[PDB]
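Working notes for the structure below.
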Amino acid sequence: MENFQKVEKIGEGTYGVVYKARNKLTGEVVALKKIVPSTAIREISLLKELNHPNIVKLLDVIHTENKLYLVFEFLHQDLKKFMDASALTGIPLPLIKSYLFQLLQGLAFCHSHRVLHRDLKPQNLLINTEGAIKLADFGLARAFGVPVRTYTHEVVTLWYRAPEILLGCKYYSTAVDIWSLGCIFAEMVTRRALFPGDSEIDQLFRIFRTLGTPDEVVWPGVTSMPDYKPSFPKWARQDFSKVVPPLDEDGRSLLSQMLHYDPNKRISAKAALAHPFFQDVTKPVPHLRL
Ligand SMILES: Nc1ncnc2c1ncn2[C@@H]1O[C@H](COP(=O)(O)OP(=O)(O)OP(=O)(O)O)[C@@H](O)[C@H]1O
Ligand SMILES: [Mg+2]
């Protein structure tokens, strides 16, 4: 790991600390994550073969001295910062659209190989100057664990967590990433998080107050999930037209099928790509200050 000069601490997070760095041989500019379990080594290593244009490439895995270093392709900005920069104005719809479409291609790819992200959030979505958006940190949650408290005391977000994970479903599927990207999609449109919980019960209860408390009608098997409680308050669903207002009906219709309560009814990434909302999809360039 001495083959890299550290330029700047990009950030810290669940697994470790990310630095911008330079290859002392190549001159290649990379993101170097400093995170070892053998199971975790083999799984990280098969992720190296998961290449796709909307997936941040894992250049190399440097395992030395009980220390693990993940060297990724570097991108100049994440979606959280692009969003904070665009607050006043909002992200134009055609770019939101391009972004959702490309993230769906990324998910269709990984899901077809049976790999889930499990932790999608605006900081894990990286963008460049040509209009591309890529998923970062795919596969890592299953390969190492997803802690309560991110490494540097920071608390991983729950705002994007699917309801079956919150209800203690042990074997959740690729549908959990479609739930999370739906919540991001909504947030790009409105400029405000859809479900900002600050705890697991608050998270749940914020989902219940917009989409209605789920029951055996909308979701067969829900009432015998491990953290389901018959004492949960019964709240009615609200309409999407109030939820993500500006969005047109193709957009709300796609969003509502991404937010289905039952993960077997939730749209897959491959069906979502054929949805009529994407009929006029283009690829615009964003306005970016590096
Ligand atoms: N490949 C990369 N290129 C450029 N910047 C990156 C890259 N990967 C990560 N960063 C940015 O570095 C910061 C730290 O990323 P990090 O993975 O540690 O945290 P996170 O995405 O916020 O949470 P999590 O640990 O769950 O991934 C975030 O701002 C991330 O967007
Ligand atoms: Mg990350």
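Numbering (the deposited numbering), first residue to last: 1 to 35, 44 to 298. A virtual CB, placed ideally from N, CA and C, is assigned to each residue, including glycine.
Asked: Taking a contact to mean a Cβ-Cβ separation below 9 Å, would you say residue 277 touches residue 119 in this structure?; Found: yes
Asked: Does DSSP put residue 81 in a helix, in a strand, or in coil?; Found: strand
Asked: If we ignore side chains and look at the alpha-carbon of each, how far apart do residue 51 and residue 151 end up?; Found: 6 Å
Asked: Within a Cβ cutoff of 6 Å, which residues of the same chain sit near residue 20, ignoring the five residues on either side of it in sequence?; Found: 7, 8, 10
Asked: Just checking, does the stretch 83 to 95 make contact with the stretch 112 to 126 on the three C-beta pairs under 8 Å criterion?; Found: no
Asked: Considering only their Cβ atoms, is the gap separating residue 82 from residue 31 smaller than 9 Å?; Found: yes
Asked: Confirm the yes/no value for this check: CB of residue 146, any heavy atom of ligand 3, distance under 8 Å.; Found: Although ligand 3 was asked about, the structure shown includes only ligand 1 and ligand 2 as ligands.
Asked: Identify the residues that DSSP records as bridge partners of residue 21: which are they?; Found: 6, 30
Asked: Considering only their Cβ atoms, is the gap separating residue 192 from residue 87 smaller than 9 Å?; Found: yes
Asked: Grab me the residues of residue 17's own chain with a C-beta within less than 6 Å of its C-beta, minus the 5 sequence neighbours each way, in chain order.; Found: 34
Asked: For the beta strand (DSSP E) containing residue 71, name the first residue and the last one.; Found: 66 to 72
Asked: Among 14, 3, 5, 4, which has the Cα closest to the Cα of residue 159?; Found: 14
Asked: Fully enclosed by the stretch 91 to 131, which alpha helix (DSSP H) runs are 4 residues long or longer?; Found: 101 to 120
Asked: Closest by CA to residue 69, which one among 62, 49, 59, 84?; Found: 49
Asked: Determine whether the beta carbon atoms of residue 139 and residue 63 lie at a separation below 9 Å.; Found: no
Asked: Should residue 139 be counted as a contact of ligand 2 given a C-beta to heavy atom distance under 8 Å?; Found: no
Asked: Taking the alpha carbon of residue 231 as the reference point, which residue from 210, 102, 247, 269 has its own alpha carbon closest?; Found: 269
Asked: Roughly how many angstroms lie between the CA atoms of residue 199 and residue 141, to the nearest whole one?; Found: 18 Å
Asked: How long is the line joining the alpha carbons of residue 257 and residue 103, rounded to whole angstroms?; Found: 18 Å
Asked: For residue 133 versus residue 107, is the C-beta distance shorter than 9 Å?; Found: yes
Asked: In chain order, what residues of the same chain lie with their CB nearer than 8 Å to the CB of residue 264, ignoring the 5 residues before and after it?; Found: 248
Asked: Hey, would you say residue 184 sits closer than 9 Å to residue 130, going by beta carbons?; Found: no
Asked: Let me make sure I understand the geometry here. Which of 195, 251, 206 has the alpha-carbon closest to that of residue 220?; Found: 251
Asked: Taking the alpha helix (DSSP H) that residue 63 belongs to, which residues open and close that run?; Found: Residue 63 -> no alpha helix (DSSP H), and no H or E assigned at all.
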